[PDB]
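*Asks:* Encoded as structure tokens, here's the structure I'll be asking about.
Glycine gets a Cβ as well: all are built from the backbone with ideal geometry, and neighbour counts include every protein chain shown. Taken together, the values in this text are just the output of simple stated rules run on the coordinates, not laboratory data.
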Amino acid sequence: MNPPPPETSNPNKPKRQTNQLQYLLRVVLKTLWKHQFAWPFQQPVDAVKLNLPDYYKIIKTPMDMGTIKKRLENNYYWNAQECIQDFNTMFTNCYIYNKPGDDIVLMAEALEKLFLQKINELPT
Ligand SMILES: CCOc1cc(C2CCN(C)CC2)ccc1Nc1ncc2c(n1)N(Cc1ccccc1)[C@H](CC)C(=O)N2C
């Protein structure tokens with residue numbers, strides 16, 4: 001079975017607007033979402049649909065950009081680092097489940113490089 005998706009909304013968590021969190025949604029998530037390599041990463045891995053019975057045996061910390069978009073837009077994150085960590089988890093999950101030089105790995109690497117170019121310009 002798939003697990004439930006990660007938590008994305010908690011009314012009890014405190015909420016703040018920051019330049020960094022706005023940039024992570026309006027620039028970083030927007031840019032990666034619209035990339036031609038984004039489609040595998042726009043939603044949780046559906047291991048039932050894809051017939052990957054080992055995916056959630058290997059990947060115990062699932063993450064994806066659909067979840068990251070929800071966390072940003074629901075003010076789930078207090079620290080920009082929480083969001084950056086989730087992007088890193090998503091890329092590393094792909095590197096863990098797959099093998100060096102696989103097509104999906106190259107796609108994740110290209111998205112990670114663009115992520116890093118955008119995080120480079122994270123405002124003060
Ligand atoms: C066979 C159909 O595959 C997909 C279709 C859609 C569509 C994309 C367009 N949207 C509008 C609707 C969902 C989204 C995602 C997938 N596939 C998919 N998602 C995530 C990953 C992924 N594949 N693969 C590639 C793979 C698939 C099958 C067997 C071996 C490796 C790997 C393993 C799950 C991966 O790491 N990711 C994140």
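*Asks:* Restricting to the stretch 17-34, and then to whatever is surrounded by 15 or more Cβ atoms within 10 Å (Cβ to Cβ) and under 13 Å from the mean Cα position of the chain (by Cα), can you tell me which residue is nearest to the ligand (Cβ to nearest atom)?
*Replies:* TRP33
*Asks:* When you scan the stretch 35-62, how many residues do you find that are under 17 Å from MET107 (Cβ atoms), within 14 Å of the chain's Cα centre (by Cα) and more than 10 Å from the ligand (Cβ to nearest atom)?
*Replies:* 2
*Asks:* Tally time: how many residues in the stretch 14-73 are closer than 26 Å to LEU122 by Cβ and hydrophobic (A, V, I, L, M, F, W, C)?
*Replies:* Number satisfying all stated conditions: 16.
*Asks:* Would you mind stating whether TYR76 is more than 9 Å from the ligand (Cβ to nearest atom), farther than 22 Å from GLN17 by Cβ and in contact (Cβ under 8 Å) with a residue 40 or more places away in the chain?
*Replies:* Criteria not met by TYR76.
*Asks:* Taking the criterion of being within 10 Å of the ligand (Cβ to nearest atom) and surrounded by 14 or more Cβ atoms within 10 Å (Cβ to Cβ), would at least one residue in the stretch 107-124 satisfy it?
*Replies:* Yes: one or more hits.
*Asks:* Inside the stretch 95-106, can you point out the residues that are touching a residue at least 24 places away in the same chain (Cβ under 8 Å) and surrounded by fewer than 16 Cβ atoms within 10 Å (Cβ to Cβ)?
*Replies:* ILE96, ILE104
*Asks:* Name the residue that is farthest from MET90 (Cα to Cα), counting only residues in the stretch 44-63 that are surrounded by 13 or more Cβ atoms within 10 Å (Cβ to Cβ) and not hydroxyl-bearing (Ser, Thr, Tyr).
*Replies:* Here the residue is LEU52.
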